[PDB]
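A.B. asks: One structure follows; several queries about it will come next.
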Amino acid sequence: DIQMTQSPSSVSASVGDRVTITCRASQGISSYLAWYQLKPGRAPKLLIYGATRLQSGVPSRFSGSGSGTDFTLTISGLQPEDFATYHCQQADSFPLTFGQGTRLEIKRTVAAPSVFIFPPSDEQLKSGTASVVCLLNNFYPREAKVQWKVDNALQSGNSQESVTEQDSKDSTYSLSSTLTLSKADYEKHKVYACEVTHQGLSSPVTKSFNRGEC
Amino acid sequence: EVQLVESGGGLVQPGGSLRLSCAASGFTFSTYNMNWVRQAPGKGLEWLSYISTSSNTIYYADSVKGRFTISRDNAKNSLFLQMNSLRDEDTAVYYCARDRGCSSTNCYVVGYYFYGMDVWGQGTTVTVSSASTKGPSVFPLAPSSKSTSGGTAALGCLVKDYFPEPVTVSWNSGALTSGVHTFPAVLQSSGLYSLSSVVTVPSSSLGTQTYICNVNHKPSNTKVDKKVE
Amino acid sequence: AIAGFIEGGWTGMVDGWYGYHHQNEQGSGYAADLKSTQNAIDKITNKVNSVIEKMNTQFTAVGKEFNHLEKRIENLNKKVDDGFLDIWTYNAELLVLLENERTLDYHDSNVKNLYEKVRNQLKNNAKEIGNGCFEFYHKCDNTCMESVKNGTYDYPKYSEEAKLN
Amino acid sequence: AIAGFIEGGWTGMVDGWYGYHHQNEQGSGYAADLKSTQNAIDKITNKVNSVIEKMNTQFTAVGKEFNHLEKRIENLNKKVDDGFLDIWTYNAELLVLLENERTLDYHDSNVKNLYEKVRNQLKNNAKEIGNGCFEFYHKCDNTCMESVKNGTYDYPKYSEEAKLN
Amino acid sequence: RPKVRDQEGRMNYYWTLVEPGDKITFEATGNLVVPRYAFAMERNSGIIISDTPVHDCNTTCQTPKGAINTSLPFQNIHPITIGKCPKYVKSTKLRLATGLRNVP
Amino acid sequence: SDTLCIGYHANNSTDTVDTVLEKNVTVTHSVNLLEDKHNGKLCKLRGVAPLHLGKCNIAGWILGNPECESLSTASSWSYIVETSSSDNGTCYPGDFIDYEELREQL
Amino acid sequence: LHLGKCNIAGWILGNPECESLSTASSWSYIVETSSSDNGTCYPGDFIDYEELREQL
């Protein structure tokens with residue numbers, strides 16, 4: 001198929017600044033290009049059609065132009081209600097290949113995360129599989145990593161993270177990592193720590209607990 | 001008004017079939033074109049098929065390879081999609097869309113798909129997996145006071161090994177709203193989802209105040225309440 | 001060119017305005033063009049919007065009431081109401097008469113532009129028997145029939161077999 | 001025929017609208033026609049004067065002021081001021097839309113009238129490869145290039161050498 | 001009357017034309033504002049509200065937002081026009097094409 | 001060997017026109033039939049110098065308002081120019097009957 | 001705003017046969033009927049009446 005390419009993957013800008021999101025086609029079209037505004041839980045809305053005009057109901061803050069394969073979506077009137085994922089669509093020929101998607105985020109000051117860690121209870125260890133949950137709140141940006149270390153040894157292949165969306169008021173994120181361990185391997189180890197690596201922290205915060213004091 | 005209503009959700013085992021439906025009202029159905037655009041979790045939009053008013057020129061995507069069958073009816077104003085040979089990669093949210101037709105502001109003569117699509121619908125959740133329906137496993141987390149410089153604490157519950165997605169996790173049947181944050185579901189390697197939910201509480205009433213973690217699984221009708229202490 | 005050199009339109013092709021009817025050893029059927037029809041639709045769709053978007057009417061009234069003690073201004077109001085009506089009886093009925101004269105000429109221009117798209121590529125490789133038909137002097141499969149629609153028909157490449165028959 | 005059978009115009013010939021590009025053994029360069037360009041300029045220059053000389057306006061005013069005790073006649077004055085404006089929003093914007101449609105058609109007619117001036121004199125003495133090009137099958141000097149521009153190209157006088165190549 | 005410009009009274013001003021050979025007649029016993037000067041006039045234009053300065057230039061049409069020398073069929077600046085003036089439209093571009101389509 | 005190609009005019013013009021075939025079409029040469037420019041001056045009409053009143057309106061000049069004393073009325077004019085701040089007209093209030101007819105007669 | 005059987009002069013003056021009427025806070029046009037005879041119950045010469053029908 002005729003593939004599409006967007007750049008970059010995520011744009012972080014504030015209200016009032018200029019947002020430049022490009023979408024280059026692999027072949028020459030020069031007349032037909034679509035642009036959608038996809039929201040989670042809502043229907044997408046066509047913003048730009050043909051890369052020259054604007055759809056009815058769309059405000060005049062959006063703008064698009066280009067001839068050939070180079071096209072530019074210029075936003076000089078950015079509102080707080082427009083921080084969403086945008087997609088480009090080729091209209092000719094078939095198939096109607098959509099874009100990759102570019103998430104627009106609110107730019108603010110870098111904040112330090114608050115590290116929390118929950119020890120496993122007695123109801124989860126008796127079931128045969130226990131898990132330790134580490135919590136990260138009030139951090140920016142979304143690029144945060146959780147380094148699980150058990151008895152001063154880095155673990156891999158048995159952890160999974162879960163990140164929420166951006167906050168409407170604080171413009172922050174929330175992260176929760178879960179390290180899955182078996183019943184026989186839980187009683188062998190004693191120290192369970194959650195080392196946090198963040199851009200806003202000058203030193204890695206490592207919170208741990210005791211296995212016999214859960 | 002001009003709107004599209006999607007229906008036909010549920011749980012389909014791999015190797016079966018599923019027929020989707022899209023209702024249309026408030027506009028002429030026998031003059032415009034229709035499409036099928038899905039959205040995988042973690043991916044973007046994906047065009048599937050195209051049909052005309054006379055159902056003569058029918059297109060298919062590269063990911064379909066003739067496995068799907070799209071039909072319509074101009075008299076009943078309906079759009080159907082007979083899907084066959086469903087696998088685990090077909091788990092997406094299927095929508096319905098109408099082509100624009102022209103380049104002017106008001107298209108009085110409907111053309112083709114050369115100027116994108118404008119009308120969009122709500123969509124339905126379609127999940128195809130070989131795993132059966134399994135109730136969630138609720139385990140409470142032990143509270144602890146780790147925020148020394150902030151003087152706060154945290155507590156919550158861990159929900160794992162359930163099918164299908166999602167699970168709406170609340171606290172005190174919706175009464176507790178301060179500090180409640182719901183994490184999205186992440187699919188594990190075993191074929192089941194997992195999510196968490198925490199409540200930010202101060203460290204003054206950590207070892208005295210308790211909360212009830214309410215777990216509500218909507219497709220399986222499973223409601224498990226576990227006290228966190 | 002309806003009821004002229006060409007007889008008329010067909011009811012088999014309902015997927016557009018213009019197109020071609022394939023007839024060879026591989027099959028047959030009706031097929032409309034996606035390039036020439038979509039461009040010609042935008043010419044007529046902007047023509048309808050040329051008298052709607054440019055007619056910048058305001059939130060006012062055209063009709064008005066008057067008393068019969070003011071028959072001096074009621075006659076001028078008759079020149080306002082029926083005077084604009086007599087212009088709109090003249091100008092608007094001329095627009096529908098002249099733009100449909102343009103549309104029947106532009107559809108005739110869409111005939112001739114599609115004819116010159118075929119005739120300049122099939123000077124000696126097709127027989128002109130009228131009614132928009134072009135019988136090839138060689139083998140022309142479904143890939144060859146789609147090349148004349150998009151305009152990708154090379155003349156010296158297909159003239160090697162048409163000169164023998 | 002811009003963005004059609006012909007690609008577009010050139011920036012080398014700035015001495016007129018239409019013309020020819022000479023390319024032979026004696027030299028090369030751009031040259032515009034003195035007969036076809038000057039006649040076609042007078043078509044467009046009289047078109048601009050068609051809406052200026054015929055618009056016989058008088059020494060009067062279009063706008064007028066009124067009092068708010070005369071709102072019965074102020075509504076008719078709104079039908080005089082904005083009513084003639086809505087005609088001028090309709091009629092004047094249609095003229096620029098239709099005469100430029102006539103100008104683009106007459107320039108396309110200036111292409112076809114210059115094409116039939118060449119094609120009727122070069123039926124077998126030139127190869128039609130598109131984009132307004134006509135490659136001769138024999139020697140054509142600068143005197144021969146000026147004969148096709150003025151229309152003084154005899155067909156049997158130059159067909160003796162073109163039939164050999 | 002209501003107090004306008006610290007004056008509780010009004011004064012209605014009237015006017016008429018006098019034909020050549022006609023004799024005007026005034027007769028009143030009070031509340032008459034008699035004229036001091038007269039304006040002898042002879043004609044075959046309207047009013048303009050603007051803040052543009054005056055110069056010794058010459059043109060064929062006048063507009064409040066500036067001088068206009070047309071020699072053009074249409075204009076789009078102001079409807080209140082005085083003299084041999086072009087038509088007023090609400091459009092922003094009415095450019096008549098004379099040359100070919102600018103495609104390189 | 002020779003090449004005779006029909007040439008057409010093209011330049012770097014940015015003025016676009018409106019056609020029924022396509023909107024926003026760039027042309028090479030064009031005459032702007034819509035006057036969008038303005039000199040910003042009050043010129044004459046057919047050699048006749050107009051009458052400018054300044055801060056006073058017509059009713060301040062036809063009645064003799066005392067704040068419009070610095071004024072040299074010419075023997076002929078073609079139009080009367082008022083200002084947006086023309087408040088020094090009728091210094092005494094009143095109902096100017098048939099006032100709109102007198103603004104066109106003079 | 002729909003006045004029913006009464007015309008504008010029955011509404012702007014307060015005719016008693018047009019009591020069952022709920023006047024909205026905003027409108028765009030006034031609708032009269034062909035049998036609008038229950039307007040001015042007392043006769044008179046409504047001076048400048050045609051300009052008042054366009055102002056409201």
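Convention: chains lettered A, B, ... in structure tokens order; per-chain residue numbering from 1; ligands numbered from 1 as shown.
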For a quick test of understanding: name the residues of chain D lying within 9 Å of chain C when counting only C-alpha atoms, and present them as a list in words.

C.D. replies: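 Here is what falls inside 9 Å: residues 5, 72, 73, 75, 76, 78, 79, 80, 82, 83, 86, 87, 89, 90, 91, 93, 94, 97, 128 and 130 of chain D.
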
A.B. asks: Write out the residues from the selection above, keeping N, CA and C atoms, as a JSON list (two decimals), in the first residue's frame.

C.D. replies:
[["chain", "number", "residue", "atom", "x", "y", "z"],
["D", 5, "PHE", "N", -3.52, 19.08, -22.06],
["D", 5, "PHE", "CA", -2.66, 18.55, -23.11],
["D", 5, "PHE", "C", -1.33, 19.30, -23.18],
["D", 72, "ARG", "N", -40.13, 53.99, 8.29],
["D", 72, "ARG", "CA", -40.92, 53.40, 7.22],
["D", 72, "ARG", "C", -40.24, 53.56, 5.87],
["D", 73, "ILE", "N", -39.65, 54.73, 5.62],
["D", 73, "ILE", "CA", -38.90, 54.95, 4.38],
["D", 73, "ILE", "C", -37.43, 54.57, 4.52],
["D", 75, "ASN", "N", -36.49, 51.70, 5.73],
["D", 75, "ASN", "CA", -36.47, 50.31, 5.28],
["D", 75, "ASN", "C", -36.46, 50.21, 3.76],
["D", 76, "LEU", "N", -37.17, 51.11, 3.08],
["D", 76, "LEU", "CA", -37.09, 51.16, 1.62],
["D", 76, "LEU", "C", -35.74, 51.71, 1.17],
["D", 78, "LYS", "N", -33.03, 51.07, 2.81],
["D", 78, "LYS", "CA", -32.22, 49.86, 2.94],
["D", 78, "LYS", "C", -32.42, 48.94, 1.74],
["D", 79, "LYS", "N", -33.63, 48.92, 1.17],
["D", 79, "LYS", "CA", -33.86, 48.19, -0.07],
["D", 79, "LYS", "C", -33.33, 48.93, -1.29],
["D", 80, "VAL", "N", -32.99, 50.21, -1.15],
["D", 80, "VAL", "CA", -32.32, 50.92, -2.23],
["D", 80, "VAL", "C", -30.81, 50.75, -2.12],
["D", 82, "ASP", "N", -28.82, 48.61, 0.21],
["D", 82, "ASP", "CA", -28.41, 47.21, 0.26],
["D", 82, "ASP", "C", -29.11, 46.36, -0.78],
["D", 83, "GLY", "N", -30.23, 46.82, -1.33],
["D", 83, "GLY", "CA", -30.89, 46.08, -2.40],
["D", 83, "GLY", "C", -30.12, 46.14, -3.70],
["D", 86, "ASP", "N", -27.00, 44.01, -3.05],
["D", 86, "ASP", "CA", -27.20, 42.58, -3.22],
["D", 86, "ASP", "C", -27.28, 42.18, -4.69],
["D", 87, "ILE", "N", -27.75, 43.09, -5.54],
["D", 87, "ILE", "CA", -27.63, 42.88, -6.98],
["D", 87, "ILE", "C", -26.17, 42.98, -7.41],
["D", 89, "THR", "N", -23.66, 42.49, -5.42],
["D", 89, "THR", "CA", -22.99, 41.32, -4.88],
["D", 89, "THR", "C", -23.22, 40.10, -5.77],
["D", 90, "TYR", "N", -24.29, 40.10, -6.56],
["D", 90, "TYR", "CA", -24.63, 38.98, -7.42],
["D", 90, "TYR", "C", -24.18, 39.19, -8.86],
["D", 91, "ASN", "N", -24.50, 40.35, -9.44],
["D", 91, "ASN", "CA", -24.23, 40.56, -10.86],
["D", 91, "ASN", "C", -22.76, 40.85, -11.14],
["D", 93, "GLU", "N", -20.06, 40.07, -9.23],
["D", 93, "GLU", "CA", -19.24, 38.89, -8.95],
["D", 93, "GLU", "C", -19.47, 37.78, -9.97],
["D", 94, "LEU", "N", -20.63, 37.76, -10.62],
["D", 94, "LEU", "CA", -20.85, 36.81, -11.70],
["D", 94, "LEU", "C", -20.12, 37.22, -12.97],
["D", 97, "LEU", "N", -16.53, 36.25, -12.66],
["D", 97, "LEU", "CA", -16.45, 34.79, -12.72],
["D", 97, "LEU", "C", -16.70, 34.26, -14.13],
["D", 128, "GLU", "N", 3.45, 15.19, -34.17],
["D", 128, "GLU", "CA", 2.71, 15.69, -33.02],
["D", 128, "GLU", "C", 3.07, 14.84, -31.80],
["D", 130, "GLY", "N", 2.90, 16.26, -28.67],
["D", 130, "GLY", "CA", 2.27, 16.91, -27.54],
["D", 130, "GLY", "C", 3.01, 18.16, -27.09]]

A.B. asks: Using backbone DSSP assignments, extract all strand (DSSP E or B) residues from stretch 37-149 of chain C; output them as a ChimeraX atom specification.

C.D. replies: /C:126-128,134-136

A.B. asks: Keeping only N, CA, C and O atoms, write the selected residues to a file as a PDB file, in the first residue's frame.

C.D. replies:
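The result, written out as selection31.pdb:
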ATOM      1  N   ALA C 126      -6.995   2.447 -33.914  1.00  0.00           N
ATOM      2  CA  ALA C 126      -8.416   2.284 -33.647  1.00  0.00           C
ATOM      3  C   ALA C 126      -9.215   2.786 -34.841  1.00  0.00           C
ATOM      4  O   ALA C 126      -8.789   3.699 -35.552  1.00  0.00           O
ATOM      5  N   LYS C 127     -10.377   2.174 -35.051  1.00  0.00           N
ATOM      6  CA  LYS C 127     -11.283   2.551 -36.125  1.00  0.00           C
ATOM      7  C   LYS C 127     -12.393   3.431 -35.566  1.00  0.00           C
ATOM      8  O   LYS C 127     -13.022   3.083 -34.561  1.00  0.00           O
ATOM      9  N   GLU C 128     -12.628   4.569 -36.215  1.00  0.00           N
ATOM     10  CA  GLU C 128     -13.658   5.514 -35.791  1.00  0.00           C
ATOM     11  C   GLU C 128     -14.931   5.221 -36.575  1.00  0.00           C
ATOM     12  O   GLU C 128     -15.077   5.639 -37.726  1.00  0.00           O
ATOM     13  N   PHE C 134     -14.503   2.824 -30.340  1.00  0.00           N
ATOM     14  CA  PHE C 134     -13.130   2.732 -30.840  1.00  0.00           C
ATOM     15  C   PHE C 134     -12.726   1.260 -30.829  1.00  0.00           C
ATOM     16  O   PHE C 134     -12.341   0.725 -29.785  1.00  0.00           O
ATOM     17  N   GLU C 135     -12.813   0.613 -31.989  1.00  0.00           N
ATOM     18  CA  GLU C 135     -12.443  -0.790 -32.113  1.00  0.00           C
ATOM     19  C   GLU C 135     -10.953  -0.902 -32.418  1.00  0.00           C
ATOM     20  O   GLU C 135     -10.477  -0.360 -33.422  1.00  0.00           O
ATOM     21  N   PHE C 136     -10.222  -1.604 -31.557  1.00  0.00           N
ATOM     22  CA  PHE C 136      -8.788  -1.771 -31.742  1.00  0.00           C
ATOM     23  C   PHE C 136      -8.495  -2.741 -32.881  1.00  0.00           C
ATOM     24  O   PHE C 136      -9.296  -3.624 -33.201  1.00  0.00           O
TER      25      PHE C 136
END

A.B. asks: Need the shell around residue G:51: protein/DNA/RNA residues with any atom at most 8 Å away, counting only C-alpha atoms. Skip same-chain ones fewer than 2 positions apart. Format as JSON, numbers by chain?

C.D. replies: {"D": [70, 71, 72], "G": [48, 49, 53, 54, 55]}

A.B. asks: Output the contact residues of chain F with respect to chain E at a cut-off of 6 Å, based on only C-alpha atoms, as an NGL selection string.

C.D. replies: :F and (10 or 17 or 26-35 or 38-45 or 80-84 or 93-96 or 104)

A.B. asks: Residues near residue D:115, anyone? I mean within 8 Å using only C-alpha atoms, not counting same-chain ones fewer than 4 positions away, as a PyMOL selection string.

C.D. replies: chain D and resi 111+119+132

A.B. asks: Which residues, written as a PyMOL selection string, have at least one atom at most 10 Å from residue C:22, with only C-alpha atoms counted and residues fewer than 5 positions away on the same chain left out?

C.D. replies: chain C and resi 27-31+140-142+145-146

A.B. asks: Enumerate as a list in words the residues belonging to chain C that approach chain A to within 12 Å, with only C-alpha atoms taken into account.

C.D. replies: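 Here they are: residues 34, 35, 38 and 39 of chain C.
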
A.B. asks: Restricting it to N, CA and C atoms, dump the selection as a PDB file, in the first residue's frame.

C.D. replies:
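selection.pdb written:
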ATOM      1  N   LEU C  34     -12.648   7.695 -12.680  1.00  0.00           N
ATOM      2  CA  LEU C  34     -12.562   8.327 -11.369  1.00  0.00           C
ATOM      3  C   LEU C  34     -11.895   9.695 -11.430  1.00  0.00           C
ATOM      4  N   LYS C  35     -11.175   9.991 -12.512  1.00  0.00           N
ATOM      5  CA  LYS C  35     -10.456  11.255 -12.631  1.00  0.00           C
ATOM      6  C   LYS C  35     -11.263  12.315 -13.375  1.00  0.00           C
ATOM      7  N   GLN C  38     -14.790  13.122 -11.424  1.00  0.00           N
ATOM      8  CA  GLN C  38     -14.667  13.839 -10.157  1.00  0.00           C
ATOM      9  C   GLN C  38     -14.256  15.290 -10.375  1.00  0.00           C
ATOM     10  N   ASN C  39     -13.424  15.548 -11.386  1.00  0.00           N
ATOM     11  CA  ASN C  39     -13.051  16.924 -11.700  1.00  0.00           C
ATOM     12  C   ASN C  39     -14.222  17.686 -12.308  1.00  0.00           C
TER      13      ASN C  39
END

A.B. asks: With only C-alpha atoms as the atoms that count, which of D:68, D:138, D:157, D:163 lies nearest to residue D:121?

C.D. replies: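 Closest residue, counting only C-alpha atoms: D:157.
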
A.B. asks: List the spatial neighbours of residue C:123 as a CSV table (one decimal) with C-alpha atoms, in the first residue's frame - criterion: any atom at most 10 Å away, only C-alpha atoms, same-chain residues fewer than 5 positions off excluded.

C.D. replies:
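Saved the output as selection-v2.csv:
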chain,number,residue,atom,x,y,z
C,118,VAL,CA,-8.5,8.9,-27.1
C,128,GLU,CA,-13.7,5.5,-35.8
C,155,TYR,CA,1.5,4.9,-29.4
C,159,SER,CA,1.5,0.0,-33.2

A.B. asks: F:20, F:4, F:63, F:51: which is nearest chain B, counting only C-alpha atoms?

C.D. replies: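 Going through F:20, F:4, F:63, F:51 one by one, the smallest distance to chain B is for F:20.
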
A.B. asks: What is the distance between atom CA of residue C:23 and atom CA of residue C:122, in Å to one decimal?

C.D. replies: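 Spanning atom CA of residue C:23 to atom CA of residue C:122 is a straight-line distance of 17.0 Å.
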
A.B. asks: DSSP on the backbone: which residues in stretch 66-197 of chain A end up as helix (DSSP H, G or I)? Give the answer as a short mmCIF file (atom, residue, chain, number, x, y, z; two decimals) with N, CA and C atoms, in the first residue's frame.

C.D. replies:
data_model
loop_
_atom_site.label_atom_id
_atom_site.label_comp_id
_atom_site.auth_asym_id
_atom_site.auth_seq_id
_atom_site.Cartn_x
_atom_site.Cartn_y
_atom_site.Cartn_z
N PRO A 80 -6.78 25.57 24.63
CA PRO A 80 -6.62 24.40 25.51
C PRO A 80 -7.53 23.22 25.16
N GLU A 81 -8.58 23.43 24.38
CA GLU A 81 -9.47 22.34 23.98
C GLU A 81 -8.98 21.59 22.75
N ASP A 82 -7.81 21.94 22.21
CA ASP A 82 -7.30 21.33 20.99
C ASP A 82 -6.15 20.36 21.23
N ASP A 122 -1.32 -10.47 52.79
CA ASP A 122 -1.35 -11.90 53.01
C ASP A 122 -2.37 -12.62 52.14
N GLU A 123 -3.35 -11.89 51.59
CA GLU A 123 -4.36 -12.51 50.74
C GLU A 123 -3.85 -12.82 49.34
N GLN A 124 -2.77 -12.16 48.91
CA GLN A 124 -2.23 -12.38 47.58
C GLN A 124 -1.12 -13.43 47.56
N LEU A 125 -0.38 -13.57 48.67
CA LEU A 125 0.70 -14.55 48.72
C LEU A 125 0.17 -15.97 48.85
N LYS A 183 5.16 -17.57 44.27
CA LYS A 183 5.08 -17.76 45.71
C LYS A 183 6.40 -18.27 46.29
N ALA A 184 7.10 -19.14 45.55
CA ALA A 184 8.35 -19.69 46.04
C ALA A 184 9.49 -18.68 45.97
N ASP A 185 9.45 -17.78 44.99
CA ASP A 185 10.50 -16.77 44.85
C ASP A 185 10.29 -15.57 45.76
N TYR A 186 9.09 -15.40 46.33
CA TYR A 186 8.85 -14.28 47.23
C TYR A 186 9.49 -14.51 48.60
N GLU A 187 9.42 -15.74 49.11
CA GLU A 187 10.01 -16.05 50.41
C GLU A 187 11.52 -16.19 50.34
N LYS A 188 12.09 -16.34 49.15
CA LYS A 188 13.54 -16.44 49.01
C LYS A 188 14.20 -15.07 49.17
#

A.B. asks: Mind checking which residues fall within 12 Å of residue F:72, counting only C-alpha atoms, ignoring those fewer than 5 positions away in the same chain, and posting them as a list in words?

C.D. replies: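 Neighbouring residues, sequence-local ones excluded: residues 50, 51, 52, 53, 54 and 61 of chain F.
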
A.B. asks: If we count only C-alpha atoms, which residues of chain C reach to within 8 Å of chain B? Please list them as a list in words.

C.D. replies: residues 14, 15, 16, 34, 37, 38, 41, 42, 45, 46, 48 and 49 of chain C

A.B. asks: Go ahead and write the residues just picked, N, CA and C atoms, as a PDB file, in the first residue's frame.

C.D. replies:
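Saved to result.pdb:
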ATOM      1  N   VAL C  14     -24.171   3.391 -13.911  1.00  0.00           N
ATOM      2  CA  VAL C  14     -24.785   4.299 -12.950  1.00  0.00           C
ATOM      3  C   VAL C  14     -23.797   4.737 -11.877  1.00  0.00           C
ATOM      4  N   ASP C  15     -22.503   4.490 -12.081  1.00  0.00           N
ATOM      5  CA  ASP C  15     -21.471   4.832 -11.109  1.00  0.00           C
ATOM      6  C   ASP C  15     -20.729   6.113 -11.474  1.00  0.00           C
ATOM      7  N   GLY C  16     -21.398   7.045 -12.129  1.00  0.00           N
ATOM      8  CA  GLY C  16     -20.780   8.298 -12.508  1.00  0.00           C
ATOM      9  C   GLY C  16     -21.446   8.866 -13.744  1.00  0.00           C
ATOM     10  N   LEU C  34     -12.648   7.695 -12.680  1.00  0.00           N
ATOM     11  CA  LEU C  34     -12.562   8.327 -11.369  1.00  0.00           C
ATOM     12  C   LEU C  34     -11.895   9.695 -11.430  1.00  0.00           C
ATOM     13  N   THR C  37     -14.543  12.315 -14.108  1.00  0.00           N
ATOM     14  CA  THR C  37     -15.867  12.566 -13.550  1.00  0.00           C
ATOM     15  C   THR C  37     -15.787  13.394 -12.273  1.00  0.00           C
ATOM     16  N   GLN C  38     -14.790  13.122 -11.424  1.00  0.00           N
ATOM     17  CA  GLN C  38     -14.667  13.839 -10.157  1.00  0.00           C
ATOM     18  C   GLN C  38     -14.256  15.290 -10.375  1.00  0.00           C
ATOM     19  N   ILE C  41     -17.374  17.086 -11.754  1.00  0.00           N
ATOM     20  CA  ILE C  41     -18.386  17.303 -10.724  1.00  0.00           C
ATOM     21  C   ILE C  41     -18.081  18.576  -9.941  1.00  0.00           C
ATOM     22  N   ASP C  42     -16.802  18.810  -9.633  1.00  0.00           N
ATOM     23  CA  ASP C  42     -16.390  20.012  -8.912  1.00  0.00           C
ATOM     24  C   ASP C  42     -16.580  21.285  -9.730  1.00  0.00           C
ATOM     25  N   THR C  45     -20.429  21.621  -9.121  1.00  0.00           N
ATOM     26  CA  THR C  45     -20.742  21.847  -7.712  1.00  0.00           C
ATOM     27  C   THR C  45     -20.323  23.241  -7.260  1.00  0.00           C
ATOM     28  N   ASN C  46     -19.230  23.770  -7.813  1.00  0.00           N
ATOM     29  CA  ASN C  46     -18.877  25.163  -7.570  1.00  0.00           C
ATOM     30  C   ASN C  46     -19.775  26.126  -8.332  1.00  0.00           C
ATOM     31  N   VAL C  48     -23.087  25.710  -8.622  1.00  0.00           N
ATOM     32  CA  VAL C  48     -24.244  25.869  -7.746  1.00  0.00           C
ATOM     33  C   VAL C  48     -23.892  26.757  -6.557  1.00  0.00           C
ATOM     34  N   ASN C  49     -22.682  26.605  -6.019  1.00  0.00           N
ATOM     35  CA  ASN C  49     -22.219  27.463  -4.935  1.00  0.00           C
ATOM     36  C   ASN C  49     -21.800  28.849  -5.409  1.00  0.00           C
TER      37      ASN C  49
END

A.B. asks: Can you check which parts of chain B lie within 9 Å of chain A? Per residue, the shortest pair of atoms and distance in Å to one decimal, counting only C-alpha atoms, sorted by chain and number, as CSV.

C.D. replies:
residue,atom,partner,partner_atom,distance
B:43,CA,A:100,CA,7.5
B:44,CA,A:100,CA,6.0
B:45,CA,A:98,CA,6.0
B:46,CA,A:98,CA,6.3
B:47,CA,A:96,CA,6.0
B:48,CA,A:95,CA,8.4
B:49,CA,A:95,CA,8.6
B:59,CA,A:94,CA,8.0
B:60,CA,A:95,CA,7.7
B:61,CA,A:95,CA,6.2
B:62,CA,A:1,CA,7.2
B:95,CA,A:43,CA,8.8
B:103,CA,A:50,CA,7.8
B:105,CA,A:56,CA,6.9
B:113,CA,A:91,CA,6.3
B:114,CA,A:91,CA,5.0
B:115,CA,A:49,CA,6.0
B:116,CA,A:91,CA,5.8
B:117,CA,A:46,CA,7.1
B:118,CA,A:46,CA,5.5
B:119,CA,A:45,CA,7.9
B:120,CA,A:43,CA,6.0
B:121,CA,A:43,CA,6.1
B:122,CA,A:43,CA,6.0
B:123,CA,A:43,CA,8.3
B:138,CA,A:124,CA,8.6
B:139,CA,A:124,CA,5.8
B:140,CA,A:121,CA,6.6
B:141,CA,A:120,CA,5.8
B:142,CA,A:119,CA,5.4
B:143,CA,A:118,CA,6.3
B:144,CA,A:118,CA,6.6
B:145,CA,A:116,CA,8.1
B:146,CA,A:116,CA,6.0
B:147,CA,A:114,CA,6.9
B:150,CA,A:114,CA,8.1
B:153,CA,A:116,CA,7.5
B:154,CA,A:116,CA,6.8
B:155,CA,A:118,CA,7.3
B:156,CA,A:118,CA,8.4
B:158,CA,A:133,CA,8.0
B:181,CA,A:174,CA,8.1
B:182,CA,A:164,CA,7.7
B:183,CA,A:164,CA,5.6
B:184,CA,A:164,CA,6.3
B:185,CA,A:162,CA,7.4
B:186,CA,A:162,CA,6.7
B:188,CA,A:160,CA,8.1
B:195,CA,A:162,CA,7.5
B:196,CA,A:176,CA,7.4
B:197,CA,A:176,CA,8.8
B:198,CA,A:135,CA,8.3

A.B. asks: What's the separation between atom CA of residue B:192 and atom CA of residue B:42, in Å to one decimal place?

C.D. replies: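 Separation between atom CA of residue B:192 and atom CA of residue B:42: 16.3 Å.
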
A.B. asks: Based on only C-alpha atoms, which of the residues in chain F come within 12 Å of chain C? I want them as a VMD selection string.

C.D. replies: chain F and resid 18 to 23

A.B. asks: For the selection just defined, write its residues with C-alpha atoms to a file, as an mmCIF file, in the first residue's frame.

C.D. replies:
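Written output follows (again.cif):
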data_model
loop_
_atom_site.group_PDB
_atom_site.id
_atom_site.type_symbol
_atom_site.label_atom_id
_atom_site.label_comp_id
_atom_site.auth_asym_id
_atom_site.auth_seq_id
_atom_site.Cartn_x
_atom_site.Cartn_y
_atom_site.Cartn_z
ATOM 1 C CA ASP F 18 -11.744 33.494 -9.627
ATOM 2 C CA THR F 19 -13.002 31.172 -12.375
ATOM 3 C CA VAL F 20 -15.826 28.647 -12.616
ATOM 4 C CA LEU F 21 -13.368 25.836 -13.410
ATOM 5 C CA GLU F 22 -11.266 26.351 -10.271
ATOM 6 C CA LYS F 23 -11.013 28.895 -7.465
#
